[PDB]
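Down below is the structure, laid out as structure tokens.
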Amino acid sequence: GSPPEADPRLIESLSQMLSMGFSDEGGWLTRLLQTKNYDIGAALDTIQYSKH
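Be aware that the sequence shown starts at 58, since it is given in the numbering used here, and climbs by one per residue.
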């Protein structure tokens, strides 16, 4: 569902990308999101891979 620290701070870094409605499949964003110290897989997974 909605996890604290595993959704906001994650879905935020996307605020920069999600502004279109697409996830980074070319590893381009991954590097960025990595700024969080973990993985965008979990982040990019919010731009779609789930429910609109």
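Virtual Cβ for every residue (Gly too), placed ideally from N, Cα, C.
Quiz item: Using a Cβ-Cβ cut-off of 8 Å (strictly less than) and excluding sequence neighbours within five positions of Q91, which residues of its own chain qualify?
Solution: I97
Exercise. Could you tell me the distance, in whole angstroms, from the CA atom of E69 to the CA atom of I104?
Key: 11 Å
Self-check item: Distance CB(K93)-CB(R66) smaller than 8 Å
Solution: yes
Quiz prompt | Cut-off 8 Å between Cβ atoms - residues of its own chain near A63, not counting five sequence neighbours on either side | solution = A99
Quiz item: Can the beta-carbon of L86 be found closer than 8 Å to that of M77?
Solution: no
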